Amino acid sequence: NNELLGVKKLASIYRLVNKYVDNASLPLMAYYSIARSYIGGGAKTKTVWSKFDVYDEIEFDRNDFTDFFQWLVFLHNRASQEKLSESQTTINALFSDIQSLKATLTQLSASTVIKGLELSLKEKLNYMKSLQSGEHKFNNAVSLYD
Amino acid sequence: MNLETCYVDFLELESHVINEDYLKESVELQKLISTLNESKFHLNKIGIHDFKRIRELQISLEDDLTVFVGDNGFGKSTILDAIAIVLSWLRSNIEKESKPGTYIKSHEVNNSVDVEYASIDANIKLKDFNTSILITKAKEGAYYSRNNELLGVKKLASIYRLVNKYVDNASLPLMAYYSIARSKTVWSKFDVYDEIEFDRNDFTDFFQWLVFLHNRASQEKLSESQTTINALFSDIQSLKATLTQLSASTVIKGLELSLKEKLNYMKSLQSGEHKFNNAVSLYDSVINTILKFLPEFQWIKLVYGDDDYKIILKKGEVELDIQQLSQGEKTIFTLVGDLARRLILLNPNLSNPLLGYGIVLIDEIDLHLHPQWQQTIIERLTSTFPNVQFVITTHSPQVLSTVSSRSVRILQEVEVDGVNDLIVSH
Amino acid sequence: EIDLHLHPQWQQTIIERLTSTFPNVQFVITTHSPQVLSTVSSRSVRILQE
Amino acid sequence: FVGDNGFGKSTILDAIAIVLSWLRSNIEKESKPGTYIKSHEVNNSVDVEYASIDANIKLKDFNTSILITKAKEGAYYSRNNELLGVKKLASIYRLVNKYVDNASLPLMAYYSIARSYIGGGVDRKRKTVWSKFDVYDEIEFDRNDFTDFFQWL
Amino acid sequence: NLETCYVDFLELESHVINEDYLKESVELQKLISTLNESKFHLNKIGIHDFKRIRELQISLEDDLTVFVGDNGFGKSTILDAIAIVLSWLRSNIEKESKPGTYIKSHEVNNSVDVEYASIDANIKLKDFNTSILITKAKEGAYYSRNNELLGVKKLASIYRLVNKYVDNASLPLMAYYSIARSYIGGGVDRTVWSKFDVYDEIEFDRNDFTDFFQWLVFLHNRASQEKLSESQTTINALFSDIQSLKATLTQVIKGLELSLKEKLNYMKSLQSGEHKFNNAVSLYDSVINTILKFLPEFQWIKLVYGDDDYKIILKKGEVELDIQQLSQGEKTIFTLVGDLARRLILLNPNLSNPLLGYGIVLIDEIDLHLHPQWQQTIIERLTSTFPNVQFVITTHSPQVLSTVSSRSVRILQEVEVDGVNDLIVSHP
Ligand SMILES: Nc1ncnc2c1ncn2[C@@H]1O[C@H](COP(=O)(O)OP(=O)(O)OP(=O)(O)O)[C@@H](O)[C@H]1O
Ligand SMILES: Nc1ncnc2c1ncn2[C@@H]1O[C@H](COP(=O)(O)OP(=O)(O)OP(=O)(O)O)[C@@H](O)[C@H]1O
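Chains as they are written, first to last, in this note's numbering: chain A, 226 to 371; chain B, 10 to 435; chain C, 215 to 264; chain D, 12 to 164; chain E, 21 to 448.
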């Protein structure tokens, strides 16, 4: 017969930790056999993505390429949503402030216009940067896709 | 002015004349278009001769509503199939010349031993023009009345075709039929199919169509449109920085620069296709139409979460998923959504494409409908679309109460001389 | 969906015939229209509320 | 079951259908499996960790109870169904048919809302020894049932 | 000249009767001798605006040509073009006016200037010559010119006319081994008697080897009965089997009729009646000894009957091995060599040594799953064992290149001329 006490004890620690941690990580195991050349460029609207779908099998074979394409386009749409909305509002200010500064640079430099342009640009840039989409890298989206 | 006289004059002038640019500039084309727009496609009379359960009937329809009431086994759905049969020949002729329509199957003829042939007749009138269509099919060992007299129906197709051949983004009649279970072009552009038959309770396909359209609209909102927007935005600030914001040959140079920027923006906007048919206009027009149909909601949107995506509806102070709706609201949702999509794609010139012309046939409007919906569905339907005909069959008495007496028909088929025959009462 | 494609005349008699042709079979039915509801008694109706 | 609500009346009916599915399978042969609860129907709220359905069958004075349960993926504790009552009940049915002959077995049927399409296929839609277990194969009405009906007639 | 003989024979046959005399006429003997002396050869081929290639002219040697290049230099394009050209000839031989493969829409060059793609080829047979052209325009363009197919039809009609008079006519071999040679152990761990099974309907690529297993079973069965005797009156026994099958059928029906026909075919053993030097046992020995040359480690290969089934048993060192338990490297060689010998042994039923026919073989990436020691001797072994065949192979490993003669190698380069990179060929 087999010996299985150690691996069951180790697996229980991972399950217990995952029970009390929101975003606990897991180890990675993979295997690329000699049958990966068949998938060289040879699903009911999948919607929910979880970290337990990569534990279906230890071997990469056949359909894993198709799910990769489905996953990739989902990331692209997520980035598009992040690219729109309120990020455009600060973008609208920033270019205009730069344009205003450029205008202040022109017309033989006209304080007054220069002071107003500098103050508005500094205030808007500082306010936009302060939020930084919560915690900067926490926004992911564009950074993961790039 | 008579439509036939204008058509004759325009055709004669166009045929004799050359230099097509001048032919387009000719006032005859404008007169024909103006007369054509001032019209209302509506049927007038229908005659049935030995079709299934009925052998002789002359029915006259209204122009707003025509509800037929009765029980199972009274010819309620044969009238609708007769109108669909008549309509299909007109659609086939419109698409291509001498295109066969839909024939009559052998089993549909009456099983009486003394029957010889089955015929259907119809009369479509618009403004002052009139038309007549007659289809015949003899069973066996007899002689069907003359033949398929489709000479009149070809003139209407020619009239529409001539106008559509010269002036783009024209208007076409609407033909839709929501049947029972049974079972290049703008339509081929996005996803749509060209057919008369449509099926309800197809929420999955409409849901995926909406998702794909939203993706394409978001894709087209970026890229080149950003440049024009960016060009406008700086210019708006720059124009203010000289006159408005500045006041809480330098002047000539500034004015010339502003005028040049305005001219460049106008040239860029003019370059390229107009509003016409784009993903953004189709998406927000369909969404707005559905919001008009059900004012109990506030907004609907598609949200991409951290590990999934869905559609969110706001009602009161509660956000509900598209999958939390009952079976009752799914069918009305897809019914109005498809009706609006087909109406938008057919009238690319009207400011409000919800004022088109056509005919819609609905059978058993009470399917999976809660009685509260049944109380006001007919009121909402004729209010959102005020320039279309509706031919609807009613089964339950809940709906019938609201309808006005002017447009009610009751089937109480008597046996005249010991022979069953459908009779309509007012 | 007991009341699919039935006119009101047929809706008031379907329960009697089902409970008379097969008297020893337990039946579970979901209804939608008042015509069916009126015929049934009060000890056999369960109302679900949010 | 009157009174509309968001949760949907159909879910109750198929919940009963899951419970009933285990009895026939055990009747056909001992320890035969049935219909499991799929992991994609457990509630998505973060609070929950497992789902369960239970019911009781009374036969005169005999009383049997059955519980069917399934936990979410990655849960600390695992849950299993208890089938002692159903297996015991199915044993007497098996023995009766094994000794006596021409015995009768309980009827379980379920007519969904799709019968309109299947029943409507009357138009074209185009065995000798009718045994007892032929009907003891499915619980949901289908097109092939009517096709079998015509041949039986 | 072949044309003169064909013209004379056609004229004589058209104005004659009594086919028996026509068969015995000197025309058939002269045509057969002339055809036999002829050797298959494909001297040149030109490619125009196909895939990356924009303009190329290639001449191929008589015995062996090797193309070497990096990744993305068009090695597979050349082989695909040759397979396309050979398809029309195969189709016309098998069935009159049978269409072949076309050129797909996306094969043409992606540039905006190119409007069409074309492949030209020339086949030299002793002194007779022929030319083939296949063309395909782009999508949405005018001047949709057509391709010429008179040469292939002229060549094919000679073959069918010769094969009509004599039922033992030989045919050329055309095969193509692609990358799809891999997967499911090549063919491992996934009757055959007609000469048209390997040819005609069967394409150029490879799908499975189960027919090799059944063919070997049939070879062994005839080997024991004919060469080793142990059958007494085999013709009488098979005829009695046919009679028994008919009696059983008289007192599932289609299967019984097929079994009766099979029994009649087996009863035709005395009808054949050759018992020559090229008997079943001689073919069995030649096939096994041929295979063993490419696998020096093994000792013997045998077919074992047990549990109402047949299995292949190999000897390595002192351990017995099955077929599923081998490695991928020895599986590739076993499959390739076995199918190569199966086609020659099956399309040349009259040669004393049937591994002496004529044909052309295309191999891509011969160095798949082979250690360098095996790579240093595969080419000379294949050349030595199949002398009268033409080989076209591609490689990118320097070990394979180091053992090839200087007159058989071709080197591909990417040279940018006038701002546009164009593929070029060269010799050392
Ligand atoms: N060939 C025929 N000859 C005579 N009667 C026919 C024939 N075909 C059909 N019928 C009659 O048609 C009747 C049903 O017609 P129909 O489909 O219009 O009914 P309905 O109840 O109004 O339909 P629905 O539920 O689709 O609205 C049957 O009662 C049958 O007697
Ligand atoms: N339609 C096309 N237009 C432009 N370039 C193309 C086109 N089709 C293919 N190519 C180019 O051809 C190059 C060579 O492809 P090819 O398949 O011939 O490579 P190979 O090295 O010969 O292959 P293998 O490894 O299978 O022997 C590719 O890198 C690709 O960029």
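The beta carbon of each residue, even a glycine, is placed where N, CA and C say it ideally should be.
How big is the Cα-Cα spacing for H116 of chain B and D130 of chain B?
-> Position 107 of the second sequence, counted from the first residue, corresponds to residue 116 of chain B. Position 121 of the second sequence, counted from the first residue, corresponds to residue 130 of chain B. Rounded to whole angstroms, the gap between the alpha carbons of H116 of chain B and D130 of chain B is 20 Å.
Contacting residues, own chain, Cβ-Cβ under 8 Å from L94 of chain D (five flanking each side not counted) = As a working mapping, residue 94 of chain D is identified with position 83 in the fourth sequence. Contacts found: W33, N37, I77.
Short CB-CB distance (under 8 Å) between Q333 of chain B and chain D | As a first step, residue 333 of chain B is located in the second sequence; it is residue number 324 there, counting from the start. Answer yes: the Cβ-Cβ gap between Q333 of chain B and chain D drops below 8 Å somewhere.
Straight-line CA distance for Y121 of chain D to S117 of chain E?
-> Sequence index remark: in the fourth sequence, residue 121 of chain D carries index 110 (1-based). Sequence index remark: in the fifth sequence, residue 117 of chain E carries index 97 (1-based). Approximately 60 Å, taken between the alpha carbons.
Any non-hydrogen atom of ligand 1 closer than 7 Å to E373 of chain B Cβ | For the purposes of this step, residue 373 of chain B is taken as residue 364 along the second sequence, with counting starting at 1. Yes, the beta carbon of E373 of chain B sits closer than 7 Å to at least one heavy atom of ligand 1.
Mind checking whether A226 of chain B and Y292 of chain B have CB atoms under 8 Å apart?
-> Your numbering for residue 226 of chain B matches position 217 in the second sequence. Your numbering for residue 292 of chain B matches position 283 in the second sequence. Yes, Cβ-Cβ distance for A226 of chain B and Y292 of chain B is below 8 Å.
Report yes if the C-beta of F152 of chain D is less than 7 Å from at least one heavy atom of ligand 1; otherwise report no.
-> In the fourth sequence, counting from the first residue as 1, residue 152 of chain D sits at position 141. Not under cutoff, so the answer is no.
Leaving out the 5 sequence neighbours to the left and right, which residues in its chain are closer than 6 Å to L364 of chain B when beta-carbon positions are compared?
-> If you number the second sequence from 1, residue 364 of chain B lands on position 355. Spatial neighbours of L364 of chain B in its own chain (CB-CB distance under 6 Å, excluding positions within 5 residues in sequence) are listed in chain order as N396.
Rounded C-alpha distance that separates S255 of chain C from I229 of chain C | The residue given as residue 255 of chain C occupies position 41 in the third sequence. The residue given as residue 229 of chain C occupies position 15 in the third sequence. Distance between the alpha carbons of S255 of chain C and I229 of chain C is about 11 Å.
Please state whether DSSP places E282 of chain E in a helix, a strand or coil.
-> By one-based count along the fifth sequence, residue 282 of chain E stands at place 262. DSSP places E282 of chain E in helix when its eight states are reduced to three.
Counting contacts by CB-CB distance shorter than 8 Å, is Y318 of chain B in contact with chain A?
-> The sequence position of residue 318 of chain B within the second sequence is 309, counting from 1. When Cβ-Cβ separations below 8 Å define contact, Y318 of chain B makes contact with chain A.
Option in E:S45, E:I255, E:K43, E:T85 with minimal Cα separation from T414 of chain E = Position 394 of the fifth sequence, counting from 1, holds the residue named residue 414 of chain E. Measuring from the Cα of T414 of chain E, the nearest candidate turns out to be E:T85.
Please confirm if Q223 of chain C has its CB atom under 8 Å from at least one CB of chain B.
-> The sequence position of residue 223 of chain C within the third sequence is 9, counting from 1. For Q223 of chain C, the answer is yes, since a Cβ of chain B falls inside 8 Å of its Cβ.
Span of the beta strand (DSSP E), counted from its first residue to its last, around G379 of chain E | For the purposes of this step, residue 379 of chain E is taken as the residue at position 359 of the fifth sequence. Taken as a continuous stretch (DSSP letters only), the beta strand (DSSP E) holding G379 of chain E covers 379–384.
Selected residue, minimal CA-CA separation from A361 of chain E, among E:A137, E:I143, E:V381, E:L80 = Locating residue 361 of chain E in the fifth sequence gives position 341, where the first residue counts as 1. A361 of chain E has its Cα closest to that of E:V381, out of E:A137, E:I143, E:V381, E:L80.
Starting from the beta carbon of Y256 of chain A, find every residue of chain E whose beta carbon is closer than 9 Å, and list them in chain order.
-> For this step, residue 256 of chain A is matched to residue 31 along the first sequence. Listed along chain E is no residue with a C-beta nearer than 9 Å to that of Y256 of chain A; the closest approach is about 16 Å.
Taking Cβ to Cβ, would you say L342 of chain A is nearer than 8 Å to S325 of chain A?
-> Residue mapping note: residue 342 of chain A aligns to position 117 of the first sequence, counting from 1. Residue mapping note: residue 325 of chain A aligns to position 100 of the first sequence, counting from 1. The answer is yes: Cβ separation under 8 Å.
Please report how far the alpha carbon of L80 of chain E lies from the alpha carbon of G207 of chain E, in whole angstroms.
-> Stepping through the fifth sequence from its first residue, residue 80 of chain E is reached at position 60. Stepping through the fifth sequence from its first residue, residue 207 of chain E is reached at position 187. Put simply, the backbone Cα of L80 of chain E is about 31 Å away from that of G207 of chain E.
Expected contact under 8 Å - CB spacing of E135 of chain E and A101 of chain E to nearest Å | Working through the fifth sequence from its first residue, we reach residue 135 of chain E at position 115. Working through the fifth sequence from its first residue, we reach residue 101 of chain E at position 81. Cβ atoms of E135 of chain E and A101 of chain E stay farther apart than 8 Å, at about 19 Å.
What residues in the region 308–326 of chain A bring their beta carbon closer than 8 Å to a beta carbon of chain B?
-> Within the region 308–326 of chain A, the qualifying residues are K308, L309, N317, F320, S321, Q324, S325.
Could you name the residues of the same chain whose beta carbon sits closer than 8 Å to that of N156 of chain B, not counting the 5 residues immediately before and after it, in chain order?
-> Counting from 1 along the second sequence, the entry for residue 156 of chain B is found at position 147. Counting only Cβ-Cβ distances below 8 Å, and skipping sequence neighbours, we find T145.
Residue nearest to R201 of chain E in terms of C-alpha spacing, selected from E:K146, E:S214, E:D225, E:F216 = As a working note, residue 201 of chain E is residue 181 in the fifth sequence. Answer by Cα proximity: E:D225.
Note down, in chain order, every chain B residue with its Cβ under 7 Å from the Cβ of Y128 of chain D.
-> As a first step, residue 128 of chain D must be located in the fourth sequence, where it is residue number 117. Within chain B, the residues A190, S192 have their CB atoms less than 7 Å from the CB of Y128 of chain D, given in chain order.
Take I308 of chain E and list the residues in its own chain whose beta-carbon comes closer than 7 Å to its own, dropping the five residues that flank it on each side.
-> Locating residue 308 of chain E in the fifth sequence gives position 288, where the first residue counts as 1. Counting only Cβ-Cβ distances below 7 Å, and skipping sequence neighbours, we find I321.
Are the CB atoms of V46 of chain E and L421 of chain E nearer to each other than 8 Å?
-> Translated into positions along the fifth sequence, residue 46 of chain E becomes position 26. Translated into positions along the fifth sequence, residue 421 of chain E becomes position 401. No, these two residues do not count as a Cβ contact at 8 Å.
Is the shortest distance between the beta-carbon of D15 of chain D and the beta-carbons of chain B less than 8 Å?
-> The sequence position of residue 15 of chain D within the fourth sequence is 4, counting from 1. Yes, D15 of chain D counts as interfacial toward chain B.
Ordered along the chain, which non-local residues of its own chain (more than five positions away) have a Cβ less than 8 Å from that of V433 of chain B?
-> Working through the second sequence from its first residue, we reach residue 433 of chain B at position 424. So the qualifying residues of the chain are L66, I68, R418, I419, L420.
Under 7 Å by beta carbon: chain A residues contacting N224 of chain B | If you number the second sequence from 1, residue 224 of chain B lands on position 215. What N224 of chain B touches in chain A: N302.
Alpha-carbon spacing of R401 of chain E relative to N91 of chain E, whole angstroms = Numbered from 1 along the fifth sequence, position 381 holds the residue referred to as residue 401 of chain E. Numbered from 1 along the fifth sequence, position 71 holds the residue referred to as residue 91 of chain E. The alpha-carbon atoms of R401 of chain E and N91 of chain E are separated by roughly 27 Å.
Which residues in the same chain have their Cβ closer than 6 Å to the Cβ of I133 of chain B, if we skip the five residues on either side of it in sequence?
-> As a first step, residue 133 of chain B must be located in the second sequence, where it is residue number 124. Cβ within range, chain order: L52, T140.
Just the chain F side, please: which residues come within less than 7 Å of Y87 of chain D by C-beta, in chain order?
-> Of the protein chains in the structure, A, B, C, D and E, none is chain F.
Entirely within the region 55–112 of chain D and at least 3 residues each: give me those beta strand (DSSP E) ranges in chain order.
-> Counting only runs of 3 or more, we get 61–70, 73–82.
What are the residues of the region 72–85 of chain D that lie near chain A, defined by any Cβ-Cβ distance shorter than 9 Å?
-> Within the region 72–85 of chain D, the residues whose Cβ lies closer than 9 Å to any Cβ of chain A are, in chain order, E84, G85.
Where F306 of chain B falls: helix, strand or coil (DSSP) | Walking along the second sequence from the start, residue 306 of chain B turns up at place 297. Looking at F306 of chain B - three-state DSSP - the assignment turns out to be coil, as it is neither helix nor strand.
Does the beta carbon of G96 of chain D come closer than 8 Å to any beta carbon on chain B?
-> The sequence position of residue 96 of chain D within the fourth sequence is 85, counting from 1. Output row for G96 of chain D: interface = no.
Using a Cβ-Cβ cut-off of 7 Å (strictly less than) and excluding sequence neighbours within five positions of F232 of chain E, which residues of its own chain qualify?
-> For the purposes of this step, residue 232 of chain E is taken as residue 212 along the fifth sequence, with counting starting at 1. Same-chain partners within the cutoff: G358, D359, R362.
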